[PDB]
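Encoded as structure tokens, the structure appears first; notes follow it.
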Amino acid sequence: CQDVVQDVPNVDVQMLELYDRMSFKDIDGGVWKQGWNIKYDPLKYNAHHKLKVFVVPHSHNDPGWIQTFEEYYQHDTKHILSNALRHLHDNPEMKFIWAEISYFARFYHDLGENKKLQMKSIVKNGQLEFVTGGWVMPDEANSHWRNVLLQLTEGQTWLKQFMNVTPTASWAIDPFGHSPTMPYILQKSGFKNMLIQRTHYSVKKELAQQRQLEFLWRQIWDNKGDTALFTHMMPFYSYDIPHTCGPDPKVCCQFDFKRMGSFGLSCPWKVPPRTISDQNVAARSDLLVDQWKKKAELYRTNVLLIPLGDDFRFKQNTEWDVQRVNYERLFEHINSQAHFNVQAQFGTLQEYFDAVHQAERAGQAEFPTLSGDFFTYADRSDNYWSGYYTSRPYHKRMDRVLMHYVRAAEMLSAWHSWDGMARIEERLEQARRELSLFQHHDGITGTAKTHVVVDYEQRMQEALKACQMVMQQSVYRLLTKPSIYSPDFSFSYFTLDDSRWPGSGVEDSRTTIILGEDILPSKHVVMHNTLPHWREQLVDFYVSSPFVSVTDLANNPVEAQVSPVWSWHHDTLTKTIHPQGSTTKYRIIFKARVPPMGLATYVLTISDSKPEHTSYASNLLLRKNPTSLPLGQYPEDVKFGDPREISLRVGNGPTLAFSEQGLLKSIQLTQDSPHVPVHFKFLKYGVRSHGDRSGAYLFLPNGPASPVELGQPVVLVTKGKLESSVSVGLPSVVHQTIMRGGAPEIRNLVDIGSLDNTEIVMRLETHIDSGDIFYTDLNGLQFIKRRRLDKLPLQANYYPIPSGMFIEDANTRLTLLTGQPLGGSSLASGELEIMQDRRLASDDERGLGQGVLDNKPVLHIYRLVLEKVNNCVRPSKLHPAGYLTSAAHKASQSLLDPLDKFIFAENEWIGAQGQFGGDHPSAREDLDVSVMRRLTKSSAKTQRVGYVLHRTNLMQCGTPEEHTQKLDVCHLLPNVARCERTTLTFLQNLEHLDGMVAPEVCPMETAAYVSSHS
Ligand SMILES: *[C@H]1O[C@H](CO)[C@@H](O)[C@H](O)[C@H]1NC(C)=O
Ligand SMILES: [Zn+2]
């Protein structure tokens, strides 16, 4: 195993280093506005060394953006695919690449058999080529790597099955900035090449000047280079035709033959395309070839990529003809005119890369190595696309919830083979596809029109319901005596209970477990732990009486705490934000202990009075002018007081001090250690009154954020033996700090309401001497070092915070983990900040045609980890990565993959069992079974189950290792006949494993295994 901490990779281009050096001046470079006038030596190409040009037709089809997926499919995409089928069938030399399999699968399934055969034929013969082959072309900033893999697999499994092809070249022309997470997954999924387009214009300029637009992109910690994936970065401002034939859009526009009038399109540079004829073909070729040779100067081989396409192009048959015929006249003239020394033709993406590598292999070029990412993207001037790291945060949070439900559903149902009648496969496929669809770069990015966002939400909601059905049928089967198990596949044996989604104050969706001597004395509940190690976590349930005790299935008492159910109300009469306690339902909380990838059953029983093992939290409402807060049968009276500073400590955990406004001000790790200054503060960014406006994409603040005026907020303090909390009703945010004995959990119920042109940010102020350094993660896969650059505007120093961020000095680190992707930064030494929501009245000119005025209440969750790191073995100062500690990593897992909770829905569960998986291996803490998915239906003689195993890398800080067993996923199910290591999509077998044993992987590595069972 490579050491991912101590050896700094030596690469030709390291993006953080490059950023530190570049000036980013936005100078008018002439026709190539963000470059310079490219010059070339006409003698470079000659009879013995021609410029081979591949014109690659394409059509960017967004699976929802300004229309929904189905509206685009009906209005555009099915026509584009129907016409591509016909035109390619009829013109053997024409080529076309297709990226979005969600649309392709939708189309293909609707085709009659004759057409399906024709389609398979033009794919088999090389005319229609799939690039990437994912369900979508995902966002690369907010997406979790697990979902990026899911959607890649969903599209590629479909392609393998129906088209019998697996793309090895990736095409990503529209995500707003690019992540090294893509080559990481692609290279482990059989890919050999990839292409990206939206990178900062200064980066394009800089790499173009060094002919570093093509590089072997390896991971920032990869010293050896085995993660390397050849990457082609396009040079220009857009993937449209004006910006893909060469440096001068005014000339390239003349070669987009769809811009002539009848199609309603034209060239904004005022020179229109002209039909090619024998009389103008030489002059038109003179121009075009000159653009091609200029573009070629930016690369190292004699093979040139010329994308030919734009959004939803190649729709009309007349469009296919006008593009094809004119280009064919150009090629016939150009290839027969020796003085150009060019051979041009239509080609596919793979053809381009194959030829590039043939040149490489002929020793014609050597490519630079590169590590780093391509955030935050700016397409021009100071228009940095960091706004979408936060836009529509409700759905960004919903993405992580569904991410986990899909994993839990596939995992829980994987243990058994299911009769087709149970419709397990059907529900899982729907869930995977709706979550996969949302990975689209107008999905989770929050950059779609309002009615499209609604479509994605509805799709995700049905996916959540599908996961729940599968999960609950699976639990019932796993914990019921086999000879008693009598499933009704449409029956709800259990109701899932989720305490954080939609979340208290977002939706009253949790069921109350109703107990009573005259109706039901007790209720079984079950917890599932998708993580491959024994895990304890507090869980809570609403119950109709505060007098409830908990026992496990051996009937041992489990210590529990009951607290009131508090809801905050923006009281439009008193004009205050204050809490009301339920007088009919209460929260019972207890520590569940659950086996690795397993289940544990508990029982909640009512009694007429306080049970022996249940304690009650005290509650204190701090505000001037209080009124009574009755809590029905709750046994402890609420106390009142004027606002004041308070301190709390749960268990042996840290002691936290809060200001009289209910906000954290310090953390004391142990009883005599210092009260470390850690202050939460909420601020607001506005929008510029002149100049460019922030929108769904762009963050264009009118200066540093200003503090939210808090007034004298109502602060509620609940103190219990297992869980205490401090909640405060601030304008737009009910901010809650929850303590359970370790790092606190922070929850913000964010309702930006009607505050127009406002972005609410949550900032942490500490005295950590972090200087200009901070770390943020990329797709929940790795942490990359960021350096705040004052030579760039504030919005450029904002980065995606998909799952966590931290600052540290030599001795102390503060890590903020998130249950949802949001944008954030460290704008000053000792600070961390992360945007909560943003509401913008204006469109920001990237085509969306609206601002963001559809905000809705969202419950953001976090874990805040203050730690000493002076004893941790950290990377050197020059290393571009950072790594979590055991505690921060576990804190991230508690947000992304909490225990799942199930309430038995009927009065009595006959044949109930207490636990499942007590014999599953409890693997080392840095290892995760990211995916467990049965790959065969029940009628398959040889059953196959796929596993994706990921090991992160945690810092060694002096804590002795301890126990753990080796996890061999191939022996998790019985009767194993074969164990194979495979690509991450499970589509290709890479290694037959001796003894049918699946080895664990190395730190930061990810492997996929498939076990076959007789
Ligand atoms: C397709 O898969 C591979 C690639 O061509 C080939 O060897 C095999 O014969 C094909 N199978 C078909 C046509 O289904
Ligand atoms: Zn797009």
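Identifiers in the structure tokens: chain A, B, ... in order shown; residue index from 1 per chain; ligand index from 1 in order shown.
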
Members of stretch 460-606 of chain A assigned strand (DSSP E) by DSSP, as JSON, numbers by chain = {"A": [494, 495, 496, 497, 512, 513, 522, 523, 524, 525, 526, 527, 528, 529, 535, 536, 537, 538, 539, 540, 541, 542, 543, 548, 549, 550, 551, 552, 557, 558, 560, 561, 562, 563, 564, 565, 566, 567, 568, 569, 570, 571, 576, 577, 578, 579, 580, 581, 582, 583, 584, 585, 586, 587, 588, 589, 590, 591, 592, 593, 594, 598, 599, 600, 601, 602, 603, 604, 605, 606]}

Taking C-alpha atoms for each residue, export the selection above as an mmCIF file, in the first residue's frame.
```
data_model
loop_
_atom_site.group_PDB
_atom_site.id
_atom_site.type_symbol
_atom_site.label_atom_id
_atom_site.label_comp_id
_atom_site.auth_asym_id
_atom_site.auth_seq_id
_atom_site.Cartn_x
_atom_site.Cartn_y
_atom_site.Cartn_z
ATOM 1 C CA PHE A 494 -42.658 -1.348 9.875
ATOM 2 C CA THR A 495 -42.768 2.402 9.490
ATOM 3 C CA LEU A 496 -39.387 4.101 9.183
ATOM 4 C CA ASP A 497 -38.787 6.886 11.748
ATOM 5 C CA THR A 512 -46.024 8.739 17.459
ATOM 6 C CA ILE A 513 -45.775 5.320 19.018
ATOM 7 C CA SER A 522 -45.574 -1.966 24.257
ATOM 8 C CA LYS A 523 -43.980 -1.615 20.888
ATOM 9 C CA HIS A 524 -41.047 -3.245 19.165
ATOM 10 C CA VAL A 525 -38.624 -1.008 17.296
ATOM 11 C CA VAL A 526 -35.654 -2.098 15.218
ATOM 12 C CA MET A 527 -32.409 -0.286 14.354
ATOM 13 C CA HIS A 528 -30.298 -1.057 11.272
ATOM 14 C CA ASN A 529 -26.604 -0.162 11.071
ATOM 15 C CA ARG A 535 -22.007 0.835 16.410
ATOM 16 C CA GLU A 536 -23.674 2.546 19.271
ATOM 17 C CA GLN A 537 -25.763 5.668 18.681
ATOM 18 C CA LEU A 538 -28.556 7.424 20.533
ATOM 19 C CA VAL A 539 -31.913 7.061 18.825
ATOM 20 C CA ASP A 540 -35.130 8.765 19.646
ATOM 21 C CA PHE A 541 -38.787 8.027 19.058
ATOM 22 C CA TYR A 542 -41.948 9.965 19.770
ATOM 23 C CA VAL A 543 -44.218 8.210 22.286
ATOM 24 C CA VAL A 548 -41.894 4.461 28.922
ATOM 25 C CA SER A 549 -39.010 2.171 29.520
ATOM 26 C CA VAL A 550 -36.836 0.406 27.063
ATOM 27 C CA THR A 551 -35.551 -3.130 27.052
ATOM 28 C CA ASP A 552 -33.604 -5.198 24.556
ATOM 29 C CA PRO A 557 -33.339 -2.650 30.727
ATOM 30 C CA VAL A 558 -31.777 -0.008 28.569
ATOM 31 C CA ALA A 560 -33.382 6.045 28.454
ATOM 32 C CA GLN A 561 -34.120 9.714 28.677
ATOM 33 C CA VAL A 562 -37.458 11.378 27.904
ATOM 34 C CA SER A 563 -37.589 15.005 26.761
ATOM 35 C CA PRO A 564 -40.495 17.116 25.530
ATOM 36 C CA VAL A 565 -41.246 17.558 21.817
ATOM 37 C CA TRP A 566 -40.494 21.237 21.214
ATOM 38 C CA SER A 567 -41.582 23.088 18.026
ATOM 39 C CA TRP A 568 -40.608 26.624 17.212
ATOM 40 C CA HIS A 569 -43.168 29.067 15.959
ATOM 41 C CA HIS A 570 -42.570 32.434 14.323
ATOM 42 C CA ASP A 571 -45.355 33.970 16.314
ATOM 43 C CA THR A 576 -41.061 36.504 18.488
ATOM 44 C CA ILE A 577 -39.716 33.085 17.535
ATOM 45 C CA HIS A 578 -40.498 30.858 20.495
ATOM 46 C CA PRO A 579 -40.994 27.200 21.337
ATOM 47 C CA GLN A 580 -44.122 25.362 22.316
ATOM 48 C CA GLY A 581 -43.968 21.997 23.984
ATOM 49 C CA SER A 582 -46.321 19.175 23.014
ATOM 50 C CA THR A 583 -48.637 18.128 25.785
ATOM 51 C CA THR A 584 -49.558 14.840 23.879
ATOM 52 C CA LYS A 585 -46.258 13.369 22.695
ATOM 53 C CA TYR A 586 -42.738 13.065 24.049
ATOM 54 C CA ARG A 587 -39.292 12.025 22.920
ATOM 55 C CA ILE A 588 -37.730 8.880 24.350
ATOM 56 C CA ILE A 589 -34.029 8.560 23.733
ATOM 57 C CA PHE A 590 -31.739 5.630 24.321
ATOM 58 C CA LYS A 591 -28.496 4.160 23.114
ATOM 59 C CA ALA A 592 -28.964 1.484 20.477
ATOM 60 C CA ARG A 593 -26.128 -0.989 19.914
ATOM 61 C CA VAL A 594 -26.161 -2.623 16.542
ATOM 62 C CA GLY A 598 -27.017 -5.638 11.102
ATOM 63 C CA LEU A 599 -30.168 -5.131 13.113
ATOM 64 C CA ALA A 600 -31.082 -4.865 16.794
ATOM 65 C CA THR A 601 -34.569 -5.003 18.298
ATOM 66 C CA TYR A 602 -35.741 -3.084 21.349
ATOM 67 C CA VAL A 603 -39.117 -2.808 23.118
ATOM 68 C CA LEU A 604 -40.705 0.384 24.521
ATOM 69 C CA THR A 605 -43.185 -0.392 27.330
ATOM 70 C CA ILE A 606 -45.566 2.038 29.081
#
```

Spatial neighbours of residue A:395, 12 Å, only C-alpha atoms, chain gap at least 5 places, as a ChimeraX atom specification = /A:142-143,388-390,400-403,435,438-439,442-448,452-461,501-502,819-822,837,854-860

Can you spit out the residues from that selection as an mmCIF file, in the first residue's frame, using C-alpha atoms?
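Just written: part_20.cif:
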```cif
data_model
loop_
_atom_site.group_PDB
_atom_site.id
_atom_site.type_symbol
_atom_site.label_atom_id
_atom_site.label_comp_id
_atom_site.auth_asym_id
_atom_site.auth_seq_id
_atom_site.Cartn_x
_atom_site.Cartn_y
_atom_site.Cartn_z
ATOM 1 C CA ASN A 142 -21.936 18.755 -4.599
ATOM 2 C CA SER A 143 -22.259 15.152 -5.556
ATOM 3 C CA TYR A 388 -24.666 26.643 -6.839
ATOM 4 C CA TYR A 389 -22.617 25.044 -4.019
ATOM 5 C CA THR A 390 -25.671 26.206 -1.924
ATOM 6 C CA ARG A 400 -27.728 12.793 1.126
ATOM 7 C CA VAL A 401 -30.809 11.331 2.787
ATOM 8 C CA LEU A 402 -31.776 9.398 -0.329
ATOM 9 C CA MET A 403 -28.143 8.438 -0.858
ATOM 10 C CA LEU A 435 -31.293 9.506 -7.185
ATOM 11 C CA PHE A 438 -30.674 14.059 -9.480
ATOM 12 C CA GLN A 439 -26.866 13.850 -9.771
ATOM 13 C CA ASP A 442 -28.854 21.048 -12.946
ATOM 14 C CA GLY A 443 -30.224 18.665 -10.288
ATOM 15 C CA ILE A 444 -28.337 18.697 -7.023
ATOM 16 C CA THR A 445 -26.669 22.008 -8.197
ATOM 17 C CA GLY A 446 -30.001 23.780 -7.611
ATOM 18 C CA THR A 447 -29.730 25.435 -11.001
ATOM 19 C CA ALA A 448 -33.045 24.249 -12.566
ATOM 20 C CA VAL A 452 -38.119 21.230 -12.623
ATOM 21 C CA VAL A 453 -36.846 21.314 -9.050
ATOM 22 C CA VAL A 454 -40.359 20.210 -8.058
ATOM 23 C CA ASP A 455 -40.135 17.323 -10.525
ATOM 24 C CA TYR A 456 -36.812 16.123 -9.022
ATOM 25 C CA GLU A 457 -38.223 16.438 -5.525
ATOM 26 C CA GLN A 458 -41.322 14.352 -6.420
ATOM 27 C CA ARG A 459 -39.080 11.750 -8.066
ATOM 28 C CA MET A 460 -36.870 11.664 -5.002
ATOM 29 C CA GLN A 461 -39.888 11.378 -2.738
ATOM 30 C CA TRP A 501 -35.652 14.289 7.450
ATOM 31 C CA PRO A 502 -37.658 16.293 6.564
ATOM 32 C CA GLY A 819 -25.160 16.222 6.349
ATOM 33 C CA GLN A 820 -25.599 18.161 3.102
ATOM 34 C CA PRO A 821 -23.422 19.875 0.473
ATOM 35 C CA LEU A 822 -23.190 23.625 0.897
ATOM 36 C CA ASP A 837 -29.495 29.295 2.042
ATOM 37 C CA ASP A 854 -38.604 29.030 -4.104
ATOM 38 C CA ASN A 855 -36.787 28.511 -0.819
ATOM 39 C CA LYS A 856 -38.401 26.369 1.746
ATOM 40 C CA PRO A 857 -37.557 25.392 5.334
ATOM 41 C CA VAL A 858 -34.624 23.016 5.509
ATOM 42 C CA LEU A 859 -32.985 21.278 8.445
ATOM 43 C CA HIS A 860 -29.206 21.388 7.946
#
```

Give the helix (DSSP H, G or I) residues of stretch 313-487 of chain A, as assigned by DSSP on the backbone, as a ChimeraX atom specification.
-> /A:317-336,338-340,349-361,387-389,393-414,420-422,424-438,450-478

Pick out the residues no farther than 8 Å from ligand 1, counting only C-alpha atoms and all ligand atoms, and list them as a ChimeraX atom specification.
-> /A:124,163-165

Between A:866, A:896, A:370, A:832, single out the one closest to residue A:811, counting only C-alpha atoms.
->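 Distance minimum relative to residue A:811 lands on A:866.
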
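Closest approach to residue A:477 among A:74, A:490, A:413, A:127 is made by A:413 (distances from only C-alpha atoms).
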
Check which residues of chain A sit at most 9 Å from ligand 2 using only C-alpha atoms and all ligand atoms, and return one row each with the closest pair of atoms and their distance in Å to one decimal, ordered by chain and rising number, as JSON lines.
```
{"residue": "A:60", "atom": "CA", "partner": "ligand 2", "partner_atom_place_in_ligand_line": "1 (Zn)", "distance": 6.4}
{"residue": "A:61", "atom": "CA", "partner": "ligand 2", "partner_atom_place_in_ligand_line": "1 (Zn)", "distance": 6.8}
{"residue": "A:62", "atom": "CA", "partner": "ligand 2", "partner_atom_place_in_ligand_line": "1 (Zn)", "distance": 4.9}
{"residue": "A:63", "atom": "CA", "partner": "ligand 2", "partner_atom_place_in_ligand_line": "1 (Zn)", "distance": 8.2}
{"residue": "A:64", "atom": "CA", "partner": "ligand 2", "partner_atom_place_in_ligand_line": "1 (Zn)", "distance": 8.8}
{"residue": "A:65", "atom": "CA", "partner": "ligand 2", "partner_atom_place_in_ligand_line": "1 (Zn)", "distance": 7.7}
{"residue": "A:137", "atom": "CA", "partner": "ligand 2", "partner_atom_place_in_ligand_line": "1 (Zn)", "distance": 7.8}
{"residue": "A:173", "atom": "CA", "partner": "ligand 2", "partner_atom_place_in_ligand_line": "1 (Zn)", "distance": 7.6}
{"residue": "A:174", "atom": "CA", "partner": "ligand 2", "partner_atom_place_in_ligand_line": "1 (Zn)", "distance": 4.8}
{"residue": "A:175", "atom": "CA", "partner": "ligand 2", "partner_atom_place_in_ligand_line": "1 (Zn)", "distance": 6.8}
{"residue": "A:311", "atom": "CA", "partner": "ligand 2", "partner_atom_place_in_ligand_line": "1 (Zn)", "distance": 7.7}
{"residue": "A:440", "atom": "CA", "partner": "ligand 2", "partner_atom_place_in_ligand_line": "1 (Zn)", "distance": 8.0}
{"residue": "A:441", "atom": "CA", "partner": "ligand 2", "partner_atom_place_in_ligand_line": "1 (Zn)", "distance": 6.3}
{"residue": "A:442", "atom": "CA", "partner": "ligand 2", "partner_atom_place_in_ligand_line": "1 (Zn)", "distance": 6.8}
```

Pick out the closest residue to residue A:826 from this set: A:900, A:808, A:709, A:290. Count only C-alpha atoms.
-> A:808
